[PDB]
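# Secondary and tertiary structure notes
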Amino acid sequence: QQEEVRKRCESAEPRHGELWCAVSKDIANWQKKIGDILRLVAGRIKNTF
């Protein structure tokens, strides 16, 4: 079932990216390096402590 895990990693949910920010809150943070990993480098950094 690792194909399902890969599909979830690729697109978990439309709002999972926001949950990704929560994931950034969950582990590490949504910093410039984390923001540069995604398409936008300031969408979650403003909401990340």
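Reading guide: rules and limits
- Residues numbered from 1 in each chain as written, not as in the entry; some residues may be left out.
- Part of a larger assembly, values for the part shown.
- Heavy atoms only, no water.
- Residues with missing side-chain atoms left out of burial classes, pairs and counts.
- Helix = DSSP H or I, 4+ residues; strand = E, 2+ residues; numbered from the N terminus.

- Per the PDB entry, the protein chain carries the name Pre-mRNA-processing factor 6 and comes from Homo sapiens.
- For this structure, the PDB entry title reads "Cryo-EM Structure of Pre-B+5'ssLNG Complex (core part)".

### Details of the overall build of the protein chain
- Counting its secondary structure elements, the protein chain contains 3 helices and 0 strands.
- Seen in sequence order, the protein chain has helices and strands lined up from the N terminus as α-α-α.
- When its C-alpha atoms are laid out on the principal axes, the protein chain stretches across 35 × 20 × 20 Å.

### Topic: unusual backbone geometry
- You will see that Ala-28, though not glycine, has its phi angle at about 60°, which is positive.
- Along the chain, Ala-28 falls in the loop between α2 (16-26) and α3 (32-37).

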